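A short write-up of the structure that comes next.
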There are 2 protein chains.
Amino acid sequence: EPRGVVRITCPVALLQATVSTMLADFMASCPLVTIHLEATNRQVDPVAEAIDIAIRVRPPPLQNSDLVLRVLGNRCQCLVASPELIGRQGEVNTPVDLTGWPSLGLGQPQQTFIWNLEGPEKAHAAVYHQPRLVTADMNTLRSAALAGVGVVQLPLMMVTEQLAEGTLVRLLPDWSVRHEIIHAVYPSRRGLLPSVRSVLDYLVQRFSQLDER
Amino acid sequence: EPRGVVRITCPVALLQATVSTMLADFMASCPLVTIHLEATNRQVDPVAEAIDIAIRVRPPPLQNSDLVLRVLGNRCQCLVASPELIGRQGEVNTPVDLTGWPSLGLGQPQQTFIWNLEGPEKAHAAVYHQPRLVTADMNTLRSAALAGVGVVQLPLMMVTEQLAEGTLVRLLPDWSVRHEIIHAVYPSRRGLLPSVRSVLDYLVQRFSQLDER
Ligand SMILES: O=C(O)c1cccc(O)c1
Ligand SMILES: O=C(O)c1cccc(O)c1
């Protein structure tokens, strides 16, 4: 019954870990729907590039633009390093202790990398680091952290198996990094289209069925 | 001993499946080397953007540009679909039989998607398809193919576990799609730098230790 083309954008790590299997199951149940899916980590302007659904992962506050916003879930972040690296660099009891640790950075080389932390008694700390590895691929960062290259901040869901095995260890567990909000942004008119709506509703139902943090 | 910044580009699927663990191990053994790694599937111009090492995956023939070329390995491709999809769409004994099958496409939406095939007795076939799913992420394509959304062409190394389980099946096994060559392209002067060379040599040794096809 739903038929037409739907143009979607989604960050890479979220697509591989979560969104891909949703879209696969949707397309199996809606044979007449065509999906053009750009896997990119760039900020996408939905109105100009005529994007029907743009999935984003950003920390609050979020864009109060003219676009419609639907929240899909919250994902917490954490600072991790390997036991080997911890054995060499000392103890981390306050954010100041991270100064000088080798680090890894998610993004582009020209960016300024800073860990924003909130701790007990409403304490805030902002720790600048010069990472020796900079990339947008979360898989590569996790493998580098596993080898003890540097401390890195990753989404919890990306490292759950490693932390359970002990091959990665959480630093400063009493402090917390700002959480990220998985949300979908769409132009008001595009969501009216029947095919776009069916895709939108199915994602909402699938994300509601998840109990990830 | 090696120290400095090395700027590298690498396609996503190859980075996640292969190149990431190499760079991780290298950086653990060379603490003074900084790596800026862009994970992108775009054609990178190394000379203009001042890229030290650009890793590419393209079928032969390759660029005879002024850049230095080092071959790292050959990766064969194959056409796969799920048993369920095969049960619904009929039998595939010649490339003509693929006409009309729902398909998936690796790339951008505006591209023209054609399967180039070579068969027995030096027979060539070129099968145009209109894919209902278009993306650059290989993981998403594999999950869609697993759900029976469409026939897709993927690198063999990406589907070895699926084919062994039977959840994906190889179409037209007597025909072959052109193979892809993993190679690294670098400006002649940039490779002279000590840090770039150490990275280059380590990749050459690591890829030589692989016996992937
Ligand atoms: O929960 C996830 O799988 C996830 C994936 C990517 C980014 C992110 O913040 C969260
Ligand atoms: O052999 C691989 O892992 C590979 C990964 C990506 C592309 C490709 O042609 C091959």
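In the structure tokens, the first chain shown is A, the next is B, and so on; residue numbers restart at 1 for each chain, and ligands run from 1 in the order shown.
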Identify, on the basis of only C-alpha atoms, every residue whose closest approach to residue B:205 does not exceed 12 Å; exclude the query and any residue fewer than 3 positions from it along the same chain; express the result as a PyMOL selection string.
chain B and resi 22+26+70-73+198-202+208-210
When you look at residue A:16 with a cut-off of 10 Å (counting only C-alpha atoms), what residues show up, excluding the ones that are within fewer than 3 positions of it in the same chain? I need them as an MDAnalysis selection string.
(chainID A and resid 10:13 19:21 39) or (chainID B and resid 137:140 143)
Residues within 7 Å of ligand 2, counting only C-alpha atoms and all ligand atoms, as a ChimeraX atom specification
/B:13-14,17-18,57,75,155,157-158,180,182,212
So how far away is atom CA of residue B:64 from atom CA of residue B:189, in Å?
17.1 Å
Might you pull out every residue within 9 Å of residue B:83, with only C-alpha atoms counted and same-chain residues fewer than 4 positions away left off, and present them as a list in words?
residues 87, 88, 146, 148, 166, 167, 168 and 169 of chain B
Coordinates-based distance that separates atom CA of residue B:41 from atom CA of residue A:103 (Å, one decimal):
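Calculated distance between atom CA of residue A:103 and atom CA of residue B:41 is 25.6 Å.
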When you get a sec, could you note down which chain A residues fall within 6 Å of chain B, using only C-alpha atoms, as number ranges by chain?
A: 20, 24, 28, 34-38, 132-135, 140, 144, 149
Residues as selected, N, CA, C and O atoms, written as a PDB file, in the first residue's frame, can you do that?
ATOM      1  N   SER A  20      19.865   0.082  10.845  1.00  0.00           N
ATOM      2  CA  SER A  20      19.908  -0.712   9.618  1.00  0.00           C
ATOM      3  C   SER A  20      18.892  -1.844   9.654  1.00  0.00           C
ATOM      4  O   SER A  20      18.137  -2.041   8.696  1.00  0.00           O
ATOM      5  N   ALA A  24      15.687  -2.582   7.150  1.00  0.00           N
ATOM      6  CA  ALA A  24      15.595  -3.871   6.472  1.00  0.00           C
ATOM      7  C   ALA A  24      14.235  -4.516   6.701  1.00  0.00           C
ATOM      8  O   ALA A  24      13.569  -4.937   5.751  1.00  0.00           O
ATOM      9  N   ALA A  28      11.121  -5.169   3.908  1.00  0.00           N
ATOM     10  CA  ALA A  28      10.593  -6.504   3.653  1.00  0.00           C
ATOM     11  C   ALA A  28       9.075  -6.526   3.749  1.00  0.00           C
ATOM     12  O   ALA A  28       8.423  -7.304   3.044  1.00  0.00           O
ATOM     13  N   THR A  34      10.694   2.630  -1.962  1.00  0.00           N
ATOM     14  CA  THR A  34      12.097   2.761  -2.332  1.00  0.00           C
ATOM     15  C   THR A  34      12.782   3.672  -1.324  1.00  0.00           C
ATOM     16  O   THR A  34      12.241   4.721  -0.962  1.00  0.00           O
ATOM     17  N   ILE A  35      13.959   3.269  -0.859  1.00  0.00           N
ATOM     18  CA  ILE A  35      14.683   4.009   0.163  1.00  0.00           C
ATOM     19  C   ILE A  35      16.044   4.404  -0.390  1.00  0.00           C
ATOM     20  O   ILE A  35      16.818   3.543  -0.829  1.00  0.00           O
ATOM     21  N   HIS A  36      16.320   5.709  -0.386  1.00  0.00           N
ATOM     22  CA  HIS A  36      17.638   6.266  -0.670  1.00  0.00           C
ATOM     23  C   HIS A  36      18.209   6.741   0.660  1.00  0.00           C
ATOM     24  O   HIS A  36      17.701   7.701   1.250  1.00  0.00           O
ATOM     25  N   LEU A  37      19.262   6.076   1.128  1.00  0.00           N
ATOM     26  CA  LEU A  37      19.795   6.276   2.471  1.00  0.00           C
ATOM     27  C   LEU A  37      21.253   6.706   2.380  1.00  0.00           C
ATOM     28  O   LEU A  37      22.114   5.909   1.994  1.00  0.00           O
ATOM     29  N   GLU A  38      21.538   7.952   2.749  1.00  0.00           N
ATOM     30  CA  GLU A  38      22.915   8.422   2.839  1.00  0.00           C
ATOM     31  C   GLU A  38      23.440   8.167   4.246  1.00  0.00           C
ATOM     32  O   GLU A  38      22.880   8.671   5.226  1.00  0.00           O
ATOM     33  N   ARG A 132      45.981  11.888  19.776  1.00  0.00           N
ATOM     34  CA  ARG A 132      46.932  11.406  18.786  1.00  0.00           C
ATOM     35  C   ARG A 132      46.261  10.627  17.664  1.00  0.00           C
ATOM     36  O   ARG A 132      46.912  10.340  16.654  1.00  0.00           O
ATOM     37  N   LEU A 133      44.978  10.299  17.805  1.00  0.00           N
ATOM     38  CA  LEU A 133      44.193   9.690  16.739  1.00  0.00           C
ATOM     39  C   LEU A 133      42.870  10.430  16.618  1.00  0.00           C
ATOM     40  O   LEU A 133      42.147  10.582  17.606  1.00  0.00           O
ATOM     41  N   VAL A 134      42.555  10.888  15.412  1.00  0.00           N
ATOM     42  CA  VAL A 134      41.323  11.622  15.143  1.00  0.00           C
ATOM     43  C   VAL A 134      40.628  10.963  13.962  1.00  0.00           C
ATOM     44  O   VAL A 134      41.212  10.856  12.876  1.00  0.00           O
ATOM     45  N   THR A 135      39.386  10.534  14.165  1.00  0.00           N
ATOM     46  CA  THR A 135      38.598   9.933  13.098  1.00  0.00           C
ATOM     47  C   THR A 135      37.125  10.040  13.459  1.00  0.00           C
ATOM     48  O   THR A 135      36.766  10.278  14.615  1.00  0.00           O
ATOM     49  N   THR A 140      36.982   2.261  14.703  1.00  0.00           N
ATOM     50  CA  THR A 140      38.430   2.448  14.766  1.00  0.00           C
ATOM     51  C   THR A 140      38.857   2.991  16.122  1.00  0.00           C
ATOM     52  O   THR A 140      39.869   2.554  16.681  1.00  0.00           O
ATOM     53  N   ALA A 144      41.470   1.203  18.784  1.00  0.00           N
ATOM     54  CA  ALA A 144      42.636   1.919  19.285  1.00  0.00           C
ATOM     55  C   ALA A 144      42.626   1.990  20.806  1.00  0.00           C
ATOM     56  O   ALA A 144      43.660   1.779  21.452  1.00  0.00           O
ATOM     57  N   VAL A 149      45.989   2.883  23.062  1.00  0.00           N
ATOM     58  CA  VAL A 149      46.523   4.076  22.415  1.00  0.00           C
ATOM     59  C   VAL A 149      46.165   5.324  23.211  1.00  0.00           C
ATOM     60  O   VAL A 149      46.999   6.221  23.383  1.00  0.00           O
TER      61      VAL A 149
END
As an MDAnalysis selection string, which residues of stretch 72-199 of chain B does DSSP assign to strand (DSSP E)?
chainID B and resid 72:75 77:81 104:106 114:119 123:128 133:135 152:155 169:170 176:177 180:186
Find the distance between atom CA of residue B:176 and atom CA of residue B:115 and write it in Å to one decimal.
10.1 Å
I'd like the neighbourhood of residue A:100 as a list in words, where a residue qualifies if any of its atoms comes within 10 Å (using only C-alpha atoms), though same-chain residues fewer than 3 positions away should be ignored.
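Using only C-alpha atoms, the neighbours found are residues 89, 96, 97, 103, 128, 129 and 130 of chain A.
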All helix (DSSP H, G or I) residues (DSSP, backbone) inside stretch 22-208 of chain A, as a VMD selection string:
chain A and resid 22 to 29 83 to 89 95 to 98 120 to 122 138 to 146 156 to 158 160 to 165 190 to 192 194 to 208
Name all residues at most 10 Å from residue A:178 (count only C-alpha atoms; drop same-chain ones fewer than 5 positions away) and give them as JSON, numbers by chain.
{"A": [58, 59, 60, 75, 76, 77, 78, 115, 116, 117, 118]}
